[PDB]
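Under the deposited numbering, read the sequence shown as residues 11 to 254, 258 to 352, first letter to last.
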Amino acid sequence: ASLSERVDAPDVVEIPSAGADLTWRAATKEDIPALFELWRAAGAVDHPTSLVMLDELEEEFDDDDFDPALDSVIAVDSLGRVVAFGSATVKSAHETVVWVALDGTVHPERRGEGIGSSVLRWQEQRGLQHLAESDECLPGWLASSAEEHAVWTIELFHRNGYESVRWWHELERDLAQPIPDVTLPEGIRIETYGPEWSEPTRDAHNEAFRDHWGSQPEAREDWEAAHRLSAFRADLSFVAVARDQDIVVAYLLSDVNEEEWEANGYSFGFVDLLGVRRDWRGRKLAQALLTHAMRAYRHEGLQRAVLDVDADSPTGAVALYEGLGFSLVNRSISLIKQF
Ligand SMILES: CC(=O)SCCNC(=O)CCNC(=O)[C@H](O)C(C)(C)COP(=O)(O)OP(=O)(O)OC[C@H]1O[C@@H](n2cnc3c(N)ncnc32)[C@H](O)[C@@H]1OP(=O)(O)O
Ligand SMILES: NC(=O)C1=CN([C@@H]2O[C@H](COP(=O)(O)OP(=O)(O)OC[C@H]3O[C@@H](n4cnc5c(N)ncnc54)[C@H](OP(=O)(O)O)[C@@H]3O)[C@@H](O)[C@H]2O)C=CC1
């Protein structure tokens, strides 16, 4: 049955009103600098090793899938300080799940007074509208996440009926320790990523991540947007290329965010995406790309490689990273309510 029939979505969503010194409204792009400061204040408590970047907020507000008039709320105190924000955002196409991202936060100094509950209550009402409006016969997931230490976020989500449904491990690899050498199958070469590989790599990724939990295919616009972020490092990203005519059979995309080095305790490159096409797996291509990237990171003087992995990876990514010397740093949790 359709989500528009399974979900009883409100005809009208009420912006919050609670907080005697608070004024609430939808956010606009003009709020981005104050939101940056909010996210940084909150992240110092909730996720100090990961920094929200200004250009991420800019791309989010510029995304055609995001209507800030209907998909965002912001709370301002009596001195005009921004103290909370929430959004509820859905993409335009869905493959196996209708994913609604419920992103928001409350300033650490204004927690424990019901402001988070107000934000999540609003996010869920708008989220139900996103689900019904999708008119899809797929699971509907209203979703957020938290680092395991952020019990204040986790407990708010559990209190509201969201469940911990998936676990993520951040892993690090010391680039000063020996990096193994791995050979490629015949007919395969490694190239540095660049614009000419964008579409072949998007195609490879969308196939490979059919086997990753939750993932939906990446539309071209969103793919290209993520590559405009200052953190993306095309020259530390690599593809393995075979002949079918060339095709990308494995790929590894990297970020470098030097503003995160201090809190993480080392300089590091971040493995953002790593995939191998189904028919080319079990041939060491992931190892070949990871080791190639680790040598590239080391040559630039970076101390570590860092990445995230589904703790229950169905294609064995955990064993892959463990065998290459990655070790646990931190854990995070997907918090989801299903319709
Ligand atoms: C940073 C991120 O993006 S995290 C998400 C990781 N990417 C994905 O999940 C995408 C979907 N999966 C894939 O693309 C592929 O299956 C990958 C990337 C996990 C691995 O692809 P491959 O090229 O076949 O990896 P590779 O051949 O180099 O290494 C295989 C290793 O996996 C490990 N492994 C353990 N159990 C399994 C399993 N059940 N199935 C597969 N691999 C397993 C082993 O350590 C194995 O090494 P071995 O040679 O000693 O046996
Ligand atoms: N990712 C997301 O989408 C969102 C994330 N968050 C995050 O969740 C975490 C919690 O936010 P926070 O503002 O503290 O949540 P709340 O203050 O709303 O709730 C947290 C605790 O405070 C108490 N409380 C609840 N309602 C009231 C109220 N009306 N008046 C007084 N006390 C109340 C309750 O504890 P008790 O039973 O003891 O009274 C509750 O368990 C933060 O880290 C925040 O950033 C919040 C919203 C959205």
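All C-beta atoms in this analysis are idealised placements derived from N, C-alpha and C, irrespective of residue type, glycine included.
Neighbouring residues (CB closer than 5 Å to any heavy atom of ligand 2): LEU112, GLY114, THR115, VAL116, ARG121, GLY122, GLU123, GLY124, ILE125, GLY126, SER127, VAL129, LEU130, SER154, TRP162, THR163 and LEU166
Distance cut-off 7 Å: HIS57 Cβ against heavy atoms of ligand 1: no
Cβ-based neighbour list, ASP259, same chain, cut-off 8 Å, excluding 5 preceding and 5 following: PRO210
Residue burial classification, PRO43 (beta-carbon count within 10 angstroms, cutoff 16): exposed
Best match in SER102, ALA111, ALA218 and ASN343 for proximity to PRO327 [C-alpha to C-alpha]: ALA218
Assigned exposure category for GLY314 - 16 Cβ within 10 Å defines buried: Burial call: exposed.
Nearest residue (CA-CA) to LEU286, options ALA318, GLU275 and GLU273: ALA318
Contact between the segment 160-173 and the segment 293-307 (3+ Cβ pairs under 8 Å): no
Segment contact flag, the segment 104-113 with the segment 36-50, C-beta cutoff 8 Å, min 3 pairs: no
Ligand 1 heavy atom lying under 7 Å from the CB of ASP292: no
Residue of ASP56, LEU194, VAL289 and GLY96 minimising C-alpha distance to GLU134: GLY96
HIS312, DSSP secondary structure in three states: helix
Secondary structure, beta strand (DSSP E): runs of 3+ residues fully inside the segment 12-84: 33-35
Beta strand (DSSP E) runs contained entirely in the segment 179-233, provided each spans 3 or more residues: You should have 199-202.
Cβ-based burial, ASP191 [other Cβ within 10 Å; buried from 16]: exposed
Through-space distance from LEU112 to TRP178, alpha-carbon basis: 18 Å
Contacting residues, own chain, Cβ-Cβ under 7 Å from residue 257 (five flanking each side not counted): Because the chain is numbered from 254 directly to 258, the model contains no atoms for residue 257.
Cβ-heavy atom distance, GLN135 to ligand 1, below 7 Å: no
Integer Cβ distance of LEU61 from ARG50, believed to fall under 8 Å: 7 Å
Closest residue to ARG176 among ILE198, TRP151 and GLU196 (Cα-Cα distance): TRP151
Three-state secondary structure (DSSP) of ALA306: Helix, per DSSP.
Sufficient close CB pairs (3 or more, under 8 Å) joining the segment 179-190 to the segment 334-351: The segment 179-190, when compared against the segment 334-351, does touch it at the 8 Å Cβ threshold.
When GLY197, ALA301 and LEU320 are compared against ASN277, the one with the closest alpha-carbon: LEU320
Beta strand (DSSP E) runs contained entirely in the segment 105-137, provided each spans 3 or more residues: Taking only runs of at least 3 residues, the beta strand (DSSP E) segments lying wholly in the segment 105-137 are 108-116.
Which of helix, strand or coil DSSP assigns to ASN343: Of the three classes helix, strand and coil, the one that applies to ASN343 here is strand, per DSSP.
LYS297: CB within 7 Å of a non-hydrogen atom of ligand 1: Correct: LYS297 has its Cβ closer than 7 Å to ligand 1.
Cut-off 7 Å between Cβ atoms - residues of its own chain near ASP31, not counting five sequence neighbours on either side: These residues qualify, in order along the chain: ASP87 and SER88.
beta-carbon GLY329 near ligand 1 non-hydrogen atom, thresh 7 Å: yes
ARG35 versus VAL83, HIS57 and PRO188, residue with shortest Cα-Cα distance: Comparing alpha-carbon positions, the option among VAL83, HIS57 and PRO188 lying closest to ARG35 turns out to be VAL83.
Assigned exposure category for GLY137 - 16 Cβ within 10 Å defines buried: buried
Local conformation of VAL269 per DSSP, three classes: coil
Residue 365 Cβ short of 7 Å to ligand 1 heavy atom set: The question about residue 365 has no answer here: the residues shown for the chain are numbered 11 through 352.
For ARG220 and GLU201, the rounded distance between their alpha carbons: 24 Å
Cross-strand partners of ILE260 (DSSP beta bridge): Looking at the DSSP output, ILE260 shares a beta bridge with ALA252.
beta-carbon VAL322 near ligand 1 non-hydrogen atom, thresh 7 Å: yes
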